[PDB]
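Quick one, fold the following:
(chains A, B, C, D, E and F, ligands or ions: 2)
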Amino acid sequence: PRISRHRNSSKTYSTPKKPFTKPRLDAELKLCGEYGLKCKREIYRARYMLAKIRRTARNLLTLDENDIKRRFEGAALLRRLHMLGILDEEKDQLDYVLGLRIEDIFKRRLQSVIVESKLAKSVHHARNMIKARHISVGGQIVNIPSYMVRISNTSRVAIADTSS
Amino acid sequence: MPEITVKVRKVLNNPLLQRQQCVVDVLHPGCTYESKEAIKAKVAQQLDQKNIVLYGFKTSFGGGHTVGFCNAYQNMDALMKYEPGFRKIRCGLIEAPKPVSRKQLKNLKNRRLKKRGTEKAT
Amino acid sequence: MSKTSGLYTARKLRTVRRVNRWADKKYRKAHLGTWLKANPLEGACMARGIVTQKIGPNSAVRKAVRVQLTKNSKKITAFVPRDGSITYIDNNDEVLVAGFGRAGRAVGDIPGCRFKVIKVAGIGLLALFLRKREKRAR
Amino acid sequence: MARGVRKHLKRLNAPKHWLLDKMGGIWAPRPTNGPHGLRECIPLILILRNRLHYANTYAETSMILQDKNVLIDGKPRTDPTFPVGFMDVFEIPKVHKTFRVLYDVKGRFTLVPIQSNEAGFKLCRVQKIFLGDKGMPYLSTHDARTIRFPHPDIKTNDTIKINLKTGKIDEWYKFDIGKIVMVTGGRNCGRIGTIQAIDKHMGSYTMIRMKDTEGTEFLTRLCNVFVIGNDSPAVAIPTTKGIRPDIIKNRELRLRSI
RNA sequence: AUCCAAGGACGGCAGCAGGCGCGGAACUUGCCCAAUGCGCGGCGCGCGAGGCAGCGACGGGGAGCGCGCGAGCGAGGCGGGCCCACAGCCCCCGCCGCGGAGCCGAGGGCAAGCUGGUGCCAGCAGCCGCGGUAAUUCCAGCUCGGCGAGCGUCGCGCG
RNA sequence: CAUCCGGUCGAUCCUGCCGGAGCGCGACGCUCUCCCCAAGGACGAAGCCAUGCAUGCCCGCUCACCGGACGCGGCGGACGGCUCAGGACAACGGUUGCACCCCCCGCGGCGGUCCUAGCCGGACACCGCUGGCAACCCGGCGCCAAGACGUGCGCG
Ligand SMILES: [Mg+2]
Ligand SMILES: [Mg+2]
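Numbers count the residues shown, from 1 in each chain, chains lettered A, B, ... in the order given. Ligands and ions are numbered 1, 2, ... in the order given. You can find the structure just below:
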């Protein structure tokens, strides 16, 4: 058959089981306003990633410390988290992972990292400039607002050289 | 007009096919190289200007970086013997015959198979 | 106890569950086959038939129609939802008929009605109710 | 139930250690019959195209092979699907490159460049001693090579050194405890060790226990145990002396290389 | 089931396109062997396998209908590259420049309320129930709520 | 990634079911700015089919025409592609065996053959002449080739 049949694909978010819940609606609108989220799918994506990390951490934590698999997977997970900036450098024990929150994920988005550097007035202004390709990471320009920057790349973010 | 730099990578010698393997990276930050023909010279001096073929070439997001492949042949005949026809046609080497529809060819083949003995009439 | 619990008793538990799972009404309906043969739709989401007669603690006369399924040739009764939609339905006309919310059982105060009209002459009934489409071809 | 033999091979059904890409295409090359079978071999084109990168397509490989630029044990081969196997000689005179085909610790085929002093021979494993026509004794090897009138002292599972120029035995290594061996199949492919025990079960497989030089111990069946000399290897071996690293060590190596 | 100059001859699409019937339900009677392979072979031929394109709201992923007190940016149009067996498409370089939201609902379960008609009629309502002169539930306008380039209805499976 | 809510009464506690709330597979309705990926006549009709295509290649044999046609010969066509009717200790999955078995190509060996050999014999194909038949199909005579056919030199 066609080779295209063997390509993979998957969903990336989870919907709440109870849709109408006043505190949840308030919190979601609050988060959307602070971080300028386009719609409610981004929150679901963040929840999905957080759930994956939490499940991995749980499964690893259920085992003994001196287990080869536990060491291997914990080291990999901690290295990934440190590189991505979600978890602080000084934390190296697996326990700290389970207390993480989606706000930490959100704070590393491109809009946030340029706003905290004072290069933009607001998250909405940041999104407007990003869509207009006026920003660059390292030597390359990125026009995706959800692009996630790494800790070693935070100081290399600047304004696009060719931007007017 | 910011200058343009061409480098040479993945250098391999292929005496069997009488050529050299290649991967060309051209840097034109804030500008565009006119095309491949005007850039043949850089690769030529880095490694006759008509014994080189550039076929792979993609420009990355933002236009800063463009990479590709070249193929330098020892002699013109080696290029002629070892080269896909469409590559020659794209280059200014030979002339492309007018295309003919394969459907008509299949129709002719079936009609000919229909006849017996001497079937050259149709 | 009241259930067998020995280490070599898997067969008895299997047969017990096999026999006793047939007492649930829903499971019987789903996996017995009588419902499948009795259901006019024959397990389909909706069917196509032909109109043959327009007919009628709450005391509210309701408008419905008699249909004859093309693929099965049996007779059923269908109900026309919206307000004033009976005029869009003419005697001897082809319709598309679906089910109600409940699969099989009657819905609401309508006695013995389990089917709904949704399309007439190839145009959605609800669309015609809002004037999105028009029946000037008929 | 197919009416005859099979001639094609789907890409997904191909052996894993070939390392073919899932999206490269629907089909994969189907090796022809020869010295080595389907599951213990590798087609020539894969080496000539996906490893040494000397060719970019099927047609280039076919042209090269027709020009007789590749030798396999001194005999030019023009078949793009000729099967190559363990302890083969792969010399390309036009570029003065000579390799021997062996197994890496990960369990894949590798090319080990060699010298001329040891490139005129190969090692073969004897699997069968039978009487042919007229009662003349014979022997067969893992590469589908039959020798007549062999020395009586040679038995099954031994190792034989045959000169490629003529095809005659010069010396043999007995199968015994304390002889360096190399594993040619299973979970332990590519490891090097020394035999320590031989346990035979009547009517079933015979099990061989060997210890690695570092001190590791592992088990495998006799069907894939290959003697490669006495105490020390007779031939060259890859840089690592058949030592399989652990996942953690391999991850450290990967990070160092990154 | 087909041709017949009536004595005769002739077929098997559950192969690729396409047509009829059936059904609730399902695409072009297109181009090419250039890539992966097979067959026969020395500097290649053939392949409706396969590849490319077309229709395609099955479905999945990423951006947007503004920001701020002036600029800027897309979609789109015209040319040049790159790619392509040939053509597209993506991406890059120049000139000019359309910013467009729907589907459900507002008594409870379940987040979201004021006027005008009708009068157990017409109609709503998965369940409870509303409607016999203020109808918080029908029909309309205003306002509001949820999801959002998607929303709702019907049947099946898990929960 | 361990959740419940409304309905039997004049009120209350239970059993018990009805309905709602989530995901996925399809069909219907309304609507749709840009890009990437992507399924697609299977659903008690394995029902019926105009029209075109889907299997060829070539070393051997040239007194054909100007060596290329055609023909004999060789290999392949038993692979690939489509569908799920039939079949319920069967097919199928894992695990054994043939000391009851067959096997083209390919690789490596081996190669002693009882009783004109400066190299044997006759044919057909294509083709020329002559003809039947609506078409499909073929007839009769005639010189010629073989890595074709037949005979066969040979250390049981
Ligand atoms: Mg057929
Ligand atoms: Mg004789």
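
close to chain D, is the longest helix seen in chain A?
Across chain A, the longest stretch assigned as helix under DSSP state H is helix A:41-61. No: using Cβ under 8 Å from any Cβ of the partner chain, helix A:41-61 never reaches chain D; the gap is at least 15.0 Å. Where C-beta positions appear, they are placed from N, C-alpha and C, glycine not excepted.

Dump that helix to CSV, restricted to CA.
Extracted as CSV, the C-alpha positions of helix A:41-61 are listed here (Å, rounded to 0.1, in the frame of the first residue of the first chain):
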residue,chain,number,x,y,z
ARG,A,41,-6.6,24.0,24.4
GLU,A,42,-3.2,25.3,25.6
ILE,A,43,-4.2,24.7,29.2
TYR,A,44,-5.2,21.2,28.3
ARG,A,45,-1.9,20.6,26.6
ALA,A,46,0.0,21.9,29.7
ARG,A,47,-2.1,19.6,31.9
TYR,A,48,-1.3,16.7,29.6
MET,A,49,2.5,17.3,29.8
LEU,A,50,2.3,17.7,33.5
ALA,A,51,0.4,14.5,33.9
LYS,A,52,3.0,12.6,31.8
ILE,A,53,5.8,14.0,34.0
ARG,A,54,4.0,13.2,37.2
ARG,A,55,3.2,9.6,36.1
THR,A,56,6.8,9.0,35.2
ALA,A,57,8.0,10.4,38.5
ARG,A,58,5.4,8.3,40.4
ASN,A,59,6.5,5.0,38.7
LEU,A,60,10.1,5.8,39.4
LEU,A,61,9.5,6.7,43.0
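
Report the central residue of the chain.
You didn't say which chain, so I picked chain A. With distances taken as Cα atoms, centre = their mean, residue A:105 lies nearest the centre of chain A, 3.9 Å away.

that's the other chain; I wanted chain D
With distances taken as Cα atoms, centre = their mean, the residue of chain D nearest its centroid is residue D:86 (1.1 Å).

got the contact list for stretch A:23-41?
With contact meaning Cβ atoms under 8 Å, 6 or more residues apart in numbering or on different chains, stretch A:23-41 is reached by A:13, A:16, A:18, A:43, A:103, A:106, A:109, A:111-112, A:122-124, A:126-127.

Likewise for stretch B:100-118?
If you take Cβ under 8 Å, 6+ apart as the criterion, stretch B:100-118 is touched by B:119, B:121, B:122.

Repeat that for stretch C:120-132.
The contact list for stretch C:120-132 (Cβ under 8 Å, 6+ apart) reads C:80-83, C:85, C:88-89, C:93-96, C:117-119, C:133-135, C:137-138.

Give me the buried entries from those residues.
For the contacts of stretch C:120-132, a burial check counting by 16 or more other Cβ atoms under 10 Å in any protein chain shown picks out C:80, C:85, C:88, C:89, C:95, C:96, C:117, C:118, C:119.

What is the nearest of those residues to residue C:71?
residue C:96 (12.4 Å; Cβ to Cβ).

So is stretch A:24-34 next to RNA strand F?
No: Stretch A:24-34 is not in contact with RNA strand F by Cβ under 7 Å from any atom of the strand; minimum separation 9.2 Å.

Buried ones in that stretch, by neighbour count?
For stretch A:24-34, a neighbour-count test (16+ other Cβ under 10 Å) marks A:28, A:31 as buried.

can you check stretch C:33-45 too?
Across stretch C:33-45, burial judged by 16+ other Cβ under 10 Å covers C:40, C:41.

ranges for the strands of chain C?
Shown for chain C, the strands assigned by DSSP state E span residues C:46-55, C:64-69, C:75-79, C:94-99, C:115-120, C:123-124.

what pairs with the shortest one, and is each one parallel or antiparallel?
Strand pairing for strand C:123-124, determined by DSSP bridges: strand C:115-120 (antiparallel).

What residues does chain C have near RNA strand F?
So chain C meets RNA strand F at C:25-26, C:37, C:42-43, C:45-46, C:96, C:101-102, C:105, C:118-119, C:123-124, C:126-127, C:132-133 (Cβ under 7 Å from any atom of the strand).

Likewise for chain A?
By Cβ under 7 Å from any atom of the strand, the residues of chain A that approach RNA strand F are A:1-2, A:4-5, A:7, A:9, A:11, A:14-19, A:51-52, A:55.

Hmm, residue D:71 and residue D:164 touching each other?
No: using Cβ atoms under 8 Å, residue D:164 is not in contact with residue D:71; the gap is 9.9 Å.

Now do the shared contacts for these two.
residue D:89.

Centroid-nearest residue for chain C?
Taking Cα atoms, centre = their mean, the centroid of chain C lies closest to residue C:99, which sits 3.5 Å from it.

so what's that residue bridging to?
residue C:115.

so how far is residue C:72 from it?
15 Å (Cβ to Cβ, to the nearest Å).

again, but for residue A:3
For residue A:3 relative to residue C:72 (Cβ to Cβ), the value is 44 Å.

So if I had to pick from the two, which one is more boxed in?
Set side by side, residue A:3 and residue C:72 show unequal neighbour counts under other Cβ atoms under 10 Å in any protein chain shown, the larger going to residue C:72 at 15 against 12.

how about the nearest residue to the more buried one, chain neighbours excluded?
Nearest non-adjacent residue to residue C:72, counting by Cβ to Cβ, 6 or more residues apart in numbering or on different chains: residue C:40, 6.1 Å away.

Report how many residues lie close to residue 107.
Defaulting to chain A. By other Cβ under 10 Å, neighbour count at residue A:107 equals 14.

actually it's chain B I care about, not the one you picked
Residue B:107: 11 surrounding residues under other Cβ under 10 Å.

same check, this time on residue C:47
Neighbour count of residue C:47, defined by other Cβ under 10 Å: 20.

How about residue D:71?
16.

Hmm, residue D:88 and it touching each other?
No: counting by Cβ under 8 Å, residue D:71 sits too far from residue D:88 to count as a contact (10.7 Å).

Output the set of residues of chain A in proximity to chain D.
A:1, A:3, A:6, A:7, A:68, A:71, A:72, A:76.

Could you rerun that using 7 Å?
Neighbours of chain D within chain A, by Cβ under 7 Å from any Cβ of the partner chain: A:3, A:6, A:72.

Can you tell me the element residue B:23 falls in?
In this structure, residue B:23 sits in strand B:19-27 according to DSSP states H and E.

Would you map the strands across chain B?
Secondary structure of chain B (DSSP E): strands at B:5-14, B:19-27, B:52-59, B:65-73.

helices or strands next to the last one in the packing?
With contacts taken as 3 or more Cβ pairs under 7 Å, 6 or more residues apart in numbering or on different chains; DSSP states H and E, strand B:65-73 sits against strand B:19-27, strand B:52-59.
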